[PDB]
Structure formats: C-alpha cells, structure tokens
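*Asks:* Before anything else, here's the structure in question.
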Ligand SMILES: CNC(=O)CCC(=O)N[C@@H](Cc1ccccc1)[C@H](O)CN(CC1CC1)S(=O)(=O)c1ccco1
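Chains as they are written, first to last, in PDB author numbering: chain A, 1 to 99; chain B, 1 to 99.
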C-alpha cells in the first residue's frame with residue numbers, strides 16, 4: 001500500500017500467533033513492542049529514545065507479519081509508549097519513504 | 001525522491017539561518033529540533049517517547065525547508081538527541097510510506 005501521514009501509520013501485525021496494532025516508525029532503528037511473552041531465549045539490552053534509555057529484552061529471529069508482509073528479525077520487548085516497527089523490519093518488507 | 005531505510009533517513013533541513021540534519025520520522029506526531037535560540041513567542045510543552053518525557057518550547061508557523069520542499073508549521077525546540085521531522089511537516093512535503 002501507499003500510506004499518507006495525516007494519521008499515525010498504524011497497522012495490524014501478527015506475532016507469536018497474536019494480532020496487535022503497531023506504528024510504522026522510520027525514526028526507529030529497532031522494532032520495540034510493549035510488554036508481552038515471546039518464546040525462546042532473550043538477551044538483556046538497553047536502547048535510547050527521546051527522554052532517555054530503557055531496558056528491553058532482545059528476541060532474535062522472530063517472525064512477524066506486518067500488514068500482510070512477512071518479516072523475520074530482532075524484536076525488542078519493553079516499556080515503549082507504543083508498539084513500533086523499526087527500520088530493521090521495515091527494510092525486510094520493502095518499505096520506503098517517498099515524496 | 002525515494003529513500004530506503006537501510007540507514008537512518010537523515011536529510012538536510014533549513015530553519016532560521018541554520019542548515020541541520022534531521023530524521024524523516026513517520027513515528028513522530030510532532031517536529032522536534034535540537035536546542036536553538038529561535039526568536040519569537042513560544043509556549044512550554046512536554047513530549048514523550050521511549051525513556052520518558054522532555055521539556056520543549058513550542059514555536060508556531062515557523063518556515064522550514066526539508067530536502068528543498070517548503071513547509072511551515074509548529075516546531076518544538078529542546079534537548080532531543082536528534083532532530084526529528086514529524087508528520088505535521090511530512091504531510092506538507094507530500095511524504096508517504098510505500099511497500
Ligand atoms: C535504538 N533507538 C531507536 O531505535 C530510537 C527509537 C525511537 O525512540 N525513535 C523516535 C525518534 C528518535 C530516534 C533517536 C533518538 C531519539 C528519538 C521515534 O521515531 C519518534 N518518537 C515517537 C515514537 C516512539 C513512539 S519520539 O519520542 O522521538 C517523538 C517524536 C515527536 C514526539 O515524540
């Protein structure tokens with residue numbers, strides 16, 4: 001799809017078998033989801049945003065279907081204000097900015 | 001133009017008498033610029049993201065050129081670690097996400 005930016009670019013994702021809403025976020029390096037359970041091993045990590053650093057759990061090689069497009073990659077879980085799809089997965093689904 | 005997301009989508013912007021590098025950020029409702037001493041009236045505001053909130057100064061109807069595209073709108077100024085072009089200006093320059 002082509003998505004204009006008058007509204008937040010929120011899309012439905014499927015991850016760990018469950019549907020969630022998430023923000024397509026070109027200003028995010030990484031994909032960060034609100035507190036949830038995911039299978040497998042994770043590693044403690046820290047990331048910075050506006051207003052400082054948080055602790056997250058890093059899950060590697062996690063499949064997510066983003067608006068009907070398949071990705072498999074790193075998913076961080078922690079106290080983000082909203083579920084965000086970052087560049088690591090935006091690139092996988094062929095997402096570009098155009099003007 | 002088309003901008004892929006392998007790296008941060010940083011572009012040159014012009015505001016006041018200053019050229020700066022700023023993120024084209026679909027995840028940002030607002031445009032947030034690093035500390036700069038702009039003339040004119042402003043209103044205090046708080047904005048938040050991953051690591052919590054920061055204090056900013058809200059300036060309205062500020063002309064800003066992004067990648068040679070003119071825009072005019074609200075600019076928040078404060079201790080952000082990166083210059084952020086939010087959806088309020090991305091819409092003005094005709095920016096879309098596409099996949
Ligand atoms: C490893 N770090 C990241 O991936 C950054 C994730 C992030 O917080 N991105 C911000 C933009 C940003 C990038 C780098 C440093 C600081 C900020 C995101 O794209 C825009 N934010 C809102 C989205 C998290 C929901 S925001 O907090 O910066 C913002 C922008 C305007 C008002 O708030």
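We treat Cβ as the ideally placed atom computed from N, Cα and C, and that holds for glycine.
Residues of chain A with CB closer than 7 Å to the CB of residue 71 of chain B, please, in chain order.
*Replies:* Per Cβ cutoff of 7 Å: no residues; residue 71 of chain B is ~11 Å from chain A at best.
*Asks:* Using a cut-off of 7 Å between C-beta atoms, extract the partners of residue 93 of chain A located in chain B.
*Replies:* 99, listed in chain order.
*Asks:* Buried or exposed, going by whether 16 or more other CB atoms sit within 10 Å of the CB of residue 39 of chain B?
*Replies:* Burial call: exposed.
*Asks:* Say yes only if the C-beta of residue 54 of chain A is nearer than 7 Å to one or more non-hydrogen atoms of ligand 1, and no if none qualify.
*Replies:* For ligand 1, not one heavy atom lies less than 7 Å from the Cβ of residue 54 of chain A.
*Asks:* Starting from the beta carbon of residue 44 of chain A, find every residue of chain B whose beta carbon is closer than 9 Å, and list them in chain order.
*Replies:* Simply none; closest approach about 16 Å.
*Asks:* State the Cα-Cα distance for the pair residue 7 of chain A and residue 26 of chain B, rounded to the nearest angstrom.
*Replies:* Answer to the nearest angstrom: the Cα atoms are 10 Å apart.
*Asks:* What residues in its chain sit with their C-beta under 8 Å from that of residue 88 of chain B, if we drop five residues either side in the sequence?
*Replies:* Hits under 8 Å: 29, 30, 31, 73 and 74.
*Asks:* Mind checking who residue 62 of chain A pairs with in its DSSP beta bridge?
*Replies:* Partner(s): A:73.
*Asks:* Would you call residue 80 of chain A buried or exposed, if buried means 16 or more other Cβ atoms sit within 10 Å of its Cβ?
*Replies:* Classification of residue 80 of chain A: buried, given that the 10 Å Cβ count is 16 or more.
*Asks:* Assess contact between the region 34-51 of chain A and the region 46-53 of chain B, defined as three or more Cβ pairs (one per stretch) separated by less than 8 Å. Is contact present?
*Replies:* Counting Cβ pairs under 8 Å, three or more are found: they touch.
*Asks:* Report whether the distance from the Cβ of residue 86 of chain B to the nearest heavy atom of ligand 1 is below 7 Å.
*Replies:* Residue 86 of chain B: yes, Cβ under 7 Å from ligand 1.
*Asks:* Mind listing the chain B neighbours of residue 74 of chain A? Cutoff is C-beta to C-beta under 7 Å, in chain order.
*Replies:* Those do not exist, as residue 74 of chain A stays about 15 Å from chain B at its closest Cβ, beyond 7 Å.
*Asks:* Say whether chain B places a C-beta atom closer than 8 Å to the C-beta of residue 50 of chain A.
*Replies:* Interface residue, yes.
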